[PDB]
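# Give me a model of this one.
(chains A, B, C and D, ligands or ions: 5)
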Amino acid sequence: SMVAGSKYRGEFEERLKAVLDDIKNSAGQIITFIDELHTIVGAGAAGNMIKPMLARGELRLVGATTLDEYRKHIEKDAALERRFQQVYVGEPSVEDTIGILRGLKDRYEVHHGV
Amino acid sequence: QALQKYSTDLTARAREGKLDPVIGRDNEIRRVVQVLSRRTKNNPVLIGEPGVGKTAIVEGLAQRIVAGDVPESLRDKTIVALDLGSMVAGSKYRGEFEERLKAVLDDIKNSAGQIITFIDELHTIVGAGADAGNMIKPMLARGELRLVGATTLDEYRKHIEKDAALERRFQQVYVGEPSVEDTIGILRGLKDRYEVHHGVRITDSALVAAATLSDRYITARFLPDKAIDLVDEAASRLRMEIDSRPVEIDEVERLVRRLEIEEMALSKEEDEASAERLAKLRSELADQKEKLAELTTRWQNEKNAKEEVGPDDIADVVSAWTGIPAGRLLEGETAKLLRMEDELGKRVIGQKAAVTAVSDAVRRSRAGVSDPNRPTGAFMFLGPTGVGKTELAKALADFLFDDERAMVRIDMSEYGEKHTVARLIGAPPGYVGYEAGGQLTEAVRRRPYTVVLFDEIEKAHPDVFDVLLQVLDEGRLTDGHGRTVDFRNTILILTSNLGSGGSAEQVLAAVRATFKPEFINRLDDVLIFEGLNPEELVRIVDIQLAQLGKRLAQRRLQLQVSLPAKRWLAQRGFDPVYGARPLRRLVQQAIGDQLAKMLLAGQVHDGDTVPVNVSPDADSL
Amino acid sequence: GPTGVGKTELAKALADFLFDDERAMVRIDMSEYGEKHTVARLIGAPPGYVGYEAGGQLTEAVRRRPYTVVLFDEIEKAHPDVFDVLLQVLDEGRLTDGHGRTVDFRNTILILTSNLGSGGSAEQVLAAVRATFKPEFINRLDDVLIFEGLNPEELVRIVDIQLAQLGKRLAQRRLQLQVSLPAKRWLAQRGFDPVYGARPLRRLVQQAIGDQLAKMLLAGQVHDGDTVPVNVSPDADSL
Amino acid sequence: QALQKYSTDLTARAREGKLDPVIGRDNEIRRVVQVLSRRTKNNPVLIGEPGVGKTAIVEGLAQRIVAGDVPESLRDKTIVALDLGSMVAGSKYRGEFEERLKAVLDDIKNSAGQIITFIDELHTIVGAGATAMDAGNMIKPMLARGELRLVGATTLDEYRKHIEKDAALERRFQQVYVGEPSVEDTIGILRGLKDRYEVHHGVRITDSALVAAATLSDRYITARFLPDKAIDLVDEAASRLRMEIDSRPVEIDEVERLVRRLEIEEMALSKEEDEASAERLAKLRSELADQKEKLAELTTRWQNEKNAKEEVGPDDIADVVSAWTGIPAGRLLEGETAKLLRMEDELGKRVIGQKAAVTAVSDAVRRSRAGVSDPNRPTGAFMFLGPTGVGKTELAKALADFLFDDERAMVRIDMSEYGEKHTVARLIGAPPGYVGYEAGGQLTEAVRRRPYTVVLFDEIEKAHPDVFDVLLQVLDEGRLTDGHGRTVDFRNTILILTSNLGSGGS
Ligand SMILES: Nc1ncnc2c1ncn2[C@@H]1O[C@H](COP(=O)(O)OP(=O)(O)OP(O)(O)=S)[C@@H](O)[C@H]1O
Ligand SMILES: Nc1ncnc2c1ncn2[C@@H]1O[C@H](COP(=O)(O)OP(=O)(O)OP(O)(O)=S)[C@@H](O)[C@H]1O
Ligand SMILES: Nc1ncnc2c1ncn2[C@@H]1O[C@H](COP(=O)(O)OP(=O)(O)OP(O)(O)=S)[C@@H](O)[C@H]1O
Ligand SMILES: Nc1ncnc2c1ncn2[C@@H]1O[C@H](COP(=O)(O)OP(=O)(O)OP(O)(O)=S)[C@@H](O)[C@H]1O
Ligand SMILES: Nc1ncnc2c1ncn2[C@@H]1O[C@H](COP(=O)(O)OP(=O)(O)OP(O)(O)=S)[C@@H](O)[C@H]1O
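Numbering: from 1, shown residues only, chains lettered A, B, ... in the order given. Ligands and ions are numbered 1, 2, ... in the order given. There you are, the coordinates:
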């Protein structure tokens, strides 16, 4: 949504700077969450006015991506990779899955009529 | 209203009676509905081979919604047909495509789930970018937009399965191809739409044949698709004929016109050689005018005393296609098939036991009696040398195709080592010569009606036999690309030289020593050729002299042979160990050497006739 | 077992009532995998080579619709490295392909037909099997069945099957036959020899009925909507 | 009006009479029409070998539309010939190609089924504009509905390399197979095309010339296909004859330029202060004089011919066929019949004795230029054997000299290195997938170019008794096929096998 109608020469970077300054003005409350963050590599023709903010501890940037796109779009930019602490999420087992289904049953019961 | 700019309306088109009917396929439509009506991730993807009907399922679902045969959770919806090709049309500036796509997605979301988006061939969605077709996963994974798709079975694996985060959000629905008695029902349902476009009548007896024939002859394509084409082309041809005039009168007059045009340019030639080519063109033109007159006179009786596509126009179409003759012996071919061991006897003298067995397999294949899934004939004949076993294979291919260079001939003296099998089956993927296919395979796949001549088969390595083991008895051979090629209309012929004079079993107990029983069991008759008697050589002499005379006509030069010389040649055709090849060299030594010595020392010119006679020992011209 | 006995027929018959379509089984002919490098033909080529997107040939047909019947004809004619892939297909239930995916065979039914020995009474065939295959390969299979051979009594019913099939074939023109019991006995006794199985019977049916029928059929006089009887002469049988 | 930008027009050219005639092929045109006029999926595709005539069928259809020999469904249809190369001309931005294609398709659709498209060489449509797989299959919805008709034509192996790979798009086309015609059909084609060439080159073309072209180029030039390798001969013959009508004829134009060169060399050799070049100079002068003799002779004979060659004949075609693929196919034009009668005494200058073999080789060489020998068999296949030091390799080296004037022009292979079986792969090449595969065979590639040599198998008996089997086809006719699947013809060679069996018994 940030990249839209931004057809002029000084628009997308201006929008991103406005957003980043609005985040930094708040002291430490706002926590940005970028989903599928391997798409921040391009977006310019940019998307790279974030290395400073990451160096200065101002941004929070909790992110989530799949395994292969990580090494295919990020580990080729080891300047970035250092600023990221990885958490590994594994798939559950049958017992944990039964536990999850037991909690989610209520909403599918009410969406349908059964 | 950004949907109206980049989308058609399937439900609107269905309400105006612009879509074709959809017959059957209940399980697939029910699964599509019950996937399309769930809480999260409610978007199916129809997947299958090309031509089995996957756009037809979406169109049938649209018609079903219009009628009102859907559950209450899906009534009064509209099926919009999104079109990504016209959203990328003008998008030079760096936000136009993303903005258009966001506007369309927001238009879909601002509704109340009363819109079903239909992207056809959605393997074309992963690109479109230059971050595009990738800003759709948020809405996809929650069910905000209900996306019915359709791709083939290996554009999926090639483009979408590369993006495993995206293909998590699709629910594959497998669409398999129907059977023959399902295609018949589909054709019965669809008939009334072609009957009106081509103003003719289509017979149920033709609808059955269009599904039966196209299942055994046309193997590179899939069902209903390949059964509607026969009906369509038959109807179109019948309409062309219902217009100005029928066929095989159109050919005759169109040929007589060209013959006359060429005769009216061959008369004004000041040549002595071109004077005899004008004497045959005239004769042929007269013979064609006679046939034209007969057919035109019979057309009048037919018109005074062929208005719907019967089960024979389908066969005519499937025979123009694929070249295979599947007709009913239209009174001009049966007269020729009844005289076959007399047309083969003009080139191969003797060997009636083998001529009366090759021609016996073509009759019971044109008459529709032979097994429909096995080659039309697979038999090995063997005998001594110079007897006529490679000549019968070239004299049979000469009257089925009228050109003896129209047969697939491979010489098995070059298959000495076992790794030469790759020459006729191709190379597996990953190796040097791969995007070229086989050599025997890629030749029987373009014209599946030739005859195949494996020559000198026992000179090969005893593994090419194992490769041939399935071509016989099943008619199928698979190459490196994974294509099955059907040898079900070919006539396989295997010549050999084992025994080489053994009477009956010394030549038969030598086969059983080199070939295995599982190989000798796939064959038809194993025909043993015989030596040449002195009485069946005085006719080979006549054949050789006729060939020589036909070879000399290019020079306007004849020669008259007297019976004493014509039987001197036969008496010096001898040594029943080398067959009839010594006679070919004898004719050269006796006639041709001195003929060509005279022919370039003056003494003989064009138009001359050179009588040959028997000097007390040699021949003199 | 021996030749012409019914071991390739039982696969096409088993796959005909599970899927109701005889062409619904994955069939590969193992007489074409005679070299080492032809293993890449049924597993696919590694990524980045000439034939890459085409994928494997045994793999790509089971990865989708993984409930089929797989047939390996003449398994002994292959190279003793193709057996080293069926090795992991057995006893684990899945193999990997050129990409790296692991398609699973835990629902298929593998069938392997052979002709080893072919003259051994009952033990030479097992000796040839043990000499040609590895013990850790023979160990994983189920019963190594052995077909027996057709008897003069197990052949009259095959005659009946073949005649019914012929009638079904030439019923597209309303041309049913009418066979007599002496005719069937003649056809069953004439072609029997217990070394070539049941293909001599097919060839005899052709040469005895089909030749005369096709000679009479395209010379008029046997027009459609007709039933010709077949009866026995001293030696041949006449229509 | 986008069509006007990215397309030519074929019916207009057929109306202005700029298209060549189209003779025969009624079955193919009728099938093209009846596939072009069906309800859905009306897209034919002509397919075949390169040269048999596929674009000719489409131009014939256009002329037939202009004339009026089409059924009611195809009257006034205005065939259009698309051009995808000019549509990708400048499209470096994100949607410039997509919008052009959309404009063209909408323009074709706005007509009520009048325009008939024609994309020649339609295998170039698969990856039309790429970056992902988006373009070239935007026509895929309109193809199935039958809204654009799209006649197209590709070869037979550029079709399975580019289209059969994409079985979703290969479904929308119907294949029409075009096989090459016979000689009696090529003659009828030539008889109708023999006016445009007669007009372009201001000459006249005899009918025997057409017959001779159609006959000779079917047995001598075996790399190409028929309707075209017969027109090439007539075209080159006519162009040569027109070049000669410019006052000077041939064989005076060469002798003049030769005498000029000899004079320039002799004028520069005179100022050589040596003694070794005083003997070379006294020979170039003799050559110059002996050439001036025949130059003046030809110059005078031309005057007789001119005072006391305006059409192409059946021997100018043979002259072309001899100039290309240097097999001599002429008619023994009196300058070599004397040599061919003297052959035995001319070979007896280098080999002494062995009259029975010299005569047996000379007869086979002689009765091949007189048109008596079998046209499909090698011109001779001899095996002569005897004791050692006798002359059986000297004779083979003298025949090559007599025929080509260079002993190094024959293809000699030494059969004493073919001791083991696997050495056969040396003269036939390796199958697909193995190490030396692009190189092909050695005998095969040596005879495939210059198919008029002498082949010599020295010491045939010292090889393995399985190399003799690969010769059973080369001896009975001229065919031997290499690993690539292409057959070469040995019908113009002389095969010779020397050996030493039974050294000196009897
Ligand atoms: N169940 C069916 N009922 C009626 N017509 C059908 C049915 N299935 C297929 N057809 C027709 O057969 C042809 C098949 O065309 P489609 O179904 O559009 O092919 P497809 O399924 O879209 O495959 P691709 O990959 O898109 S070419 C069309 O003419 C359909 O109208
Ligand atoms: N019965 C025959 N009738 C006519 N010509 C024959 C006959 N037998 C042999 N010939 C001639 O023999 C020559 C070649 O005969 P082929 O049949 O090719 O020899 P073959 O039968 O192949 O034996 P091999 O083992 O292959 S050398 C041709 O010129 C034929 O015309
Ligand atoms: N028990 C049987 N019942 C009916 N037909 C049979 C029987 N056994 C063989 N046949 C016939 O034999 C033919 C096929 O035999 P197959 O079993 O395929 O040969 P096979 O058993 O594979 O032996 P090989 O090694 O392949 S030669 C068909 O015509 C079948 O009808
Ligand atoms: N039936 C015919 N009537 C008249 N001229 C013909 C006929 N068939 C072919 N020709 C001529 O023979 C030549 C064949 O050229 P084309 O048919 O254009 O080649 P092509 O078939 O397109 O092969 P490619 O692969 O496309 S270059 C042309 O000079 C045609 O004019
Ligand atoms: N008839 C001959 N006339 C002239 N020189 C001859 C004659 N026979 C032999 N020679 C000479 O002998 C030399 C060698 O003879 P070759 O013919 O090359 O041997 P060969 O005939 O090949 O016998 P083998 O079995 O190959 S050693 C030639 O180079 C000639 O110089």
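
# Near ligand 5, which residues of chain D are found?
D:351-353, D:388-394, D:500 (C-beta under 6 Å from any ligand atom). For the C-beta atoms, the positions are set from N, CA and C on the backbone; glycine is no exception.

# Return the members of the residues you listed classed as buried.
D:351, D:391-392, D:500 (16 or more other C-beta atoms under 10 Å in any protein chain shown).

# Export the residues you listed as CSV, with columns for distance to ligand 3 and secondary structure.
As requested, those are arranged in CSV below (distance: C-beta to the nearest ligand atom, whole Å; DSSP: H, G, I helix; E, B strand; the rest coil):
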residue, distance to ligand 3, secondary structure
D:351, 61, coil
D:391, 58, coil
D:392, 53, helix
D:500, 49, coil
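
# one step back: farthest pair in the residues of chain D next to ligand 5?
Pairwise distances across the residues of chain D next to ligand 5 (C-beta to C-beta) peak at 20.0 Å, for the pair D:352 and D:500.

# What are the boundaries of the strands in chain A?
For chain A, applying DSSP state E gives strands covering A:33-35, A:62-64.

# Quick one: closest of the ones you listed to ligand 5.
Between ligand 5 and those, the tightest spacing by C-beta to the nearest ligand atom is seen for strand A:62-64, at 84.5 Å.

# Strand partners (parallel or antiparallel) of the closest one?
strand A:33-35 (parallel) (DSSP bridges).

# residues in contact with the partner strand?
A:40, A:61-64, B:138 (C-beta atoms under 8 Å, 6 or more residues apart in numbering or on different chains).

# Now, of those, which are buried?
A:40, A:61, A:63.

# who touches the first one in this structure?
Residues touching residue A:40, when contacts are defined by C-beta under 8 Å, 6+ apart, comprise A:34, A:47, A:50.

# try 6 Å
Counting by C-beta atoms under 6 Å, 6 or more residues apart in numbering or on different chains, residue A:40 touches residue A:47.

# Please render the strands of chain A as JSON lines that adds distance to residue D:151 to the earlier fields.
Shown next, in JSON lines, are the strands of chain A (distance: least, C-beta to C-beta, whole Å):
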{"stretch": "strand A:33-35", "distance to residue D:151": "50"}
{"stretch": "strand A:62-64", "distance to residue D:151": "53"}
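
# Those strands: which one's closest to residue D:300?
strand A:33-35 (99.2 Å).

# mind checking how far residue A:111 is from residue B:73?
10 Å (C-beta to C-beta, to the nearest Å).

# what do you get for residue D:109?
With C-beta to C-beta as the criterion, residue D:109 and residue B:73 are 37 Å apart.

# and the longest helix belonging to chain A with chain B, contact?
Counting by DSSP state H, the longest helix found in chain A is helix A:94-111. Yes - Helix A:94-111 reaches chain B (C-beta under 6 Å from any C-beta of the partner chain) through A:108, A:111.

# for the stretch 401-506 of chain D, what spans make up the strands?
Along the stretch 401-506 of chain D, the stretches classed as strands by DSSP state E, counting those that start in this stretch are D:411-414, D:454-458, D:479-481, D:487-489, D:494-499.

# from chain D, which residue is nearest to chain A?
residue D:94 (11.5 Å; C-beta to the nearest C-beta).

# Quick check: closest non-adjacent residue to that residue.
In this structure, residue D:94 finds its nearest non-sequential neighbour in residue B:91, 4.8 Å apart by C-beta to C-beta, 6 or more residues apart in numbering or on different chains.

# cool, residue D:224 as well?
In space, residue D:224 is closest to residue D:51, 5.8 Å off (C-beta to C-beta, 6+ apart).

# Over to residue D:136?
residue D:128 is the one closest to residue D:136 (C-beta to C-beta, 6+ apart), at 3.8 Å.

# Hmm, residue D:135 and the one you found touching each other?
Yes - at 5.1 Å, residue D:128 counts as touching residue D:135 under the criterion of C-beta atoms under 6 Å.

# returning to that earlier point: can you convert the residues of chain D next to ligand 5 into CSV and add a column each for distance to residue D:118?
CSV is the format used below for the residues of chain D next to ligand 5 (distance: C-beta to C-beta, whole Å):
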residue, distance to residue D:118
D:351, 65
D:352, 71
D:353, 71
D:388, 71
D:389, 72
D:390, 70
D:391, 67
D:392, 64
D:393, 62
D:394, 64
D:500, 67
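
# ok, of those, which one's closest to residue D:343?
Closest to residue D:343, out of all of those and judged by C-beta to C-beta, is residue D:351, at 12.2 Å.

# which residues does that closest one contact?
D:391, D:394-395, D:398.

# ok, 8 Å please
Residue D:351 sits in contact with D:358, D:391, D:394-395, D:398, where contact means C-beta under 8 Å, 6+ apart.

# do the same with residue D:258
residue D:291.

# Residues in a beta bridge with the residue nearest the centre of chain A, which ones?
Centrality entry for chain A: nearest residue to the mean C-alpha point is residue A:34, 1.8 Å, by C-alpha atoms, centre = their mean. Note on residue A:34: beta-bridge partners by DSSP bridges are residue A:63.

# quick one on the thing from earlier: return the closest of the buried ones among the residues of chain D next to ligand 5 with respect to residue D:424.
residue D:500 (22.1 Å).

# Phi first, then psi, for the closest one.
Here is the backbone geometry of residue D:500 (degrees, to the nearest 10): phi -140, psi 30.

# so it touches residue D:385, yeah?
Yes - with contact defined as C-beta atoms under 8 Å, residue D:500 reaches residue D:385; the gap is 6.3 Å.

# Quick check: the gap between the residue in chain A positioned nearest to chain C and ligand 2.
Residue nearest to chain C within chain A: residue A:68 (11.5 Å; C-beta to the nearest C-beta). Going from residue A:68 to ligand 2 by C-beta to the nearest ligand atom, to the nearest Å gives 62 Å.

# repeat for residue D:79
For residue D:79 relative to ligand 2 (C-beta to the nearest ligand atom), the value is 51 Å.

# residues contacting that residue?
D:9-11, D:58, D:61-62, D:65, D:116, D:118, D:151.

# which phi and psi does the residue nearest to residue D:330 when sequence neighbours are not counted have?
Take residue D:330 and drop its neighbours on the chain: the residue closest to it by C-beta to C-beta, 6+ apart is residue D:318, 4.7 Å away. The phi/psi pair for residue D:318 (degrees, to the nearest 10) reads phi -70, psi -30.

# I'd say residue D:318 and residue D:215 touch.
No - between residue D:318 and residue D:215 there is no contact under C-beta under 8 Å: 10.5 Å.

# out of those two, which sits in the busier spot?
Higher neighbour count among residue D:318 and residue D:215: residue D:318, with 21 against 17, using other C-beta atoms under 10 Å in any protein chain shown.

# What ranges does chain A have for its helices?
Going by DSSP H, chain A shows helices at A:12-25, A:51-55, A:67-73, A:78-81, A:94-111.
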